[PDB]
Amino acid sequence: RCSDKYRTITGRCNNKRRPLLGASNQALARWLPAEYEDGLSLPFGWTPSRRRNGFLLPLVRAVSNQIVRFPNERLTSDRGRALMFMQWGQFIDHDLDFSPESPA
(Lines of atoms letter the chains of each structure in order from A and count residues from 1; the text may use other names and numbers.)
(Lines give C-alpha, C1' and ligand atoms only; values in the text may rest on other atoms or scores of the structure.)
Protein backbone atom coordinates (compact mmCIF):
# COMPACT_ATOMS: atom_id res chain seq x y z
CA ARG A 1 0.00 0.00 0.00
CA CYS A 2 1.44 3.43 -0.99
CA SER A 3 1.33 6.09 1.81
CA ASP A 4 -1.12 9.01 1.66
CA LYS A 5 0.85 11.20 4.17
CA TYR A 6 4.53 11.21 3.13
CA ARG A 7 6.58 10.81 0.00
CA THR A 8 8.99 7.90 -0.19
CA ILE A 9 12.68 8.87 -0.45
CA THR A 10 13.07 7.15 -3.83
CA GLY A 11 9.86 8.59 -5.37
CA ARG A 12 8.42 5.05 -5.65
CA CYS A 13 4.67 4.87 -4.91
CA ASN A 14 3.97 8.46 -6.00
CA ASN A 15 1.95 6.90 -8.89
CA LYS A 16 -0.03 4.05 -7.29
CA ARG A 17 -0.73 2.06 -10.49
CA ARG A 18 2.83 2.43 -11.91
CA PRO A 19 4.91 2.77 -8.69
CA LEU A 20 8.31 3.27 -10.35
CA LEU A 21 7.10 6.34 -12.39
CA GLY A 22 9.26 9.25 -11.32
CA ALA A 23 11.29 7.00 -8.94
CA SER A 24 15.09 7.26 -8.86
CA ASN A 25 17.48 4.78 -10.58
CA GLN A 26 15.25 4.27 -13.64
CA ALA A 27 15.77 5.14 -17.33
CA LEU A 28 15.18 8.75 -18.32
CA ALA A 29 11.91 9.21 -20.25
CA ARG A 30 12.13 9.83 -24.02
CA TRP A 31 9.93 12.45 -25.67
CA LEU A 32 11.16 11.36 -29.13
CA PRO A 33 12.85 8.10 -30.25
CA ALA A 34 16.60 7.88 -29.66
CA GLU A 35 18.93 8.59 -32.62
CA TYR A 36 22.24 6.66 -32.68
CA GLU A 37 24.75 6.19 -35.53
CA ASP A 38 24.08 2.40 -35.61
CA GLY A 39 20.38 2.69 -34.54
CA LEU A 40 21.17 1.09 -31.13
CA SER A 41 23.89 2.72 -29.00
CA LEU A 42 26.83 4.31 -30.89
CA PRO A 43 26.51 8.08 -30.76
CA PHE A 44 26.42 10.28 -33.84
CA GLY A 45 30.05 11.54 -34.08
CA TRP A 46 31.48 8.09 -33.15
CA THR A 47 32.69 7.33 -36.72
CA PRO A 48 34.10 10.52 -38.35
CA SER A 49 32.99 9.42 -41.87
CA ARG A 50 29.40 8.45 -40.82
CA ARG A 51 27.08 11.22 -42.02
CA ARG A 52 23.93 12.44 -40.28
CA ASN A 53 21.19 13.51 -42.76
CA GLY A 54 23.81 13.49 -45.57
CA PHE A 55 26.36 15.78 -43.81
CA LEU A 56 29.52 15.15 -41.76
CA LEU A 57 29.23 16.31 -38.14
CA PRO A 58 31.49 19.08 -36.80
CA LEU A 59 33.76 18.55 -33.79
CA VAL A 60 31.84 19.83 -30.74
CA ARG A 61 34.99 21.76 -29.65
CA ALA A 62 35.03 23.53 -33.13
CA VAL A 63 31.35 24.59 -32.59
CA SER A 64 32.33 25.88 -29.14
CA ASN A 65 35.34 27.81 -30.57
CA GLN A 66 33.43 29.30 -33.51
CA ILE A 67 30.07 30.17 -31.94
CA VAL A 68 30.27 30.07 -28.15
CA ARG A 69 33.64 31.71 -27.50
CA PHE A 70 33.55 35.50 -27.06
CA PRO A 71 35.89 38.28 -25.81
CA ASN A 72 35.49 40.28 -22.56
CA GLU A 73 34.19 43.50 -24.24
CA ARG A 74 30.97 41.64 -25.16
CA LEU A 75 30.23 40.29 -21.61
CA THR A 76 26.82 41.75 -20.67
CA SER A 77 25.20 41.68 -17.24
CA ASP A 78 21.48 40.98 -17.02
CA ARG A 79 19.76 44.11 -15.64
CA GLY A 80 16.67 42.00 -14.77
CA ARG A 81 18.08 38.92 -12.96
CA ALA A 82 20.36 38.36 -9.97
CA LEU A 83 22.97 35.55 -9.80
CA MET A 84 20.55 34.05 -7.19
CA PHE A 85 18.16 33.39 -10.16
CA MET A 86 20.92 31.37 -11.90
CA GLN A 87 21.71 29.59 -8.61
CA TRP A 88 18.11 28.52 -7.97
CA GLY A 89 18.15 27.04 -11.48
CA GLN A 90 21.24 24.89 -10.73
CA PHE A 91 19.83 23.90 -7.33
CA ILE A 92 16.41 22.82 -8.80
CA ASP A 93 18.21 21.03 -11.68
CA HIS A 94 19.81 18.95 -8.84
CA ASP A 95 16.30 18.10 -7.47
CA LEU A 96 15.26 16.80 -10.97
CA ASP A 97 18.06 14.91 -12.74
CA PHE A 98 21.51 13.38 -12.67
CA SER A 99 22.79 10.78 -15.16
CA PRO A 100 25.66 8.78 -13.66
CA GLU A 101 28.72 8.14 -15.80
CA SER A 102 29.92 4.75 -16.81
CA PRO A 103 32.88 3.80 -14.50
CA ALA A 104 36.41 3.29 -15.84
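Sequential numbering from 1, following the sequence displayed.
Asker: Mind pulling up the entry and telling me whether 27 to 35 or 43 to 51 has the higher mean Cα temperature factor?
Answerer: Per the PDB record, 43 to 51.
Asker: For the higher mean C-alpha B factor in the entry, choose 16 to 24 or 89 to 97.
Answerer: Looking at the recorded C-alpha B-factors, 16 to 24 comes out higher on average.
Asker: Among the modelled residues of its chain, does the C-alpha B-factor of residue 77 lie in the lowest, middle or highest third?
Answerer: Middle third by C-alpha B-factor.
Asker: Going by the entry, which third of its chain does the Cα temperature factor of residue 56 land in?
Answerer: Top third by C-alpha B-factor.
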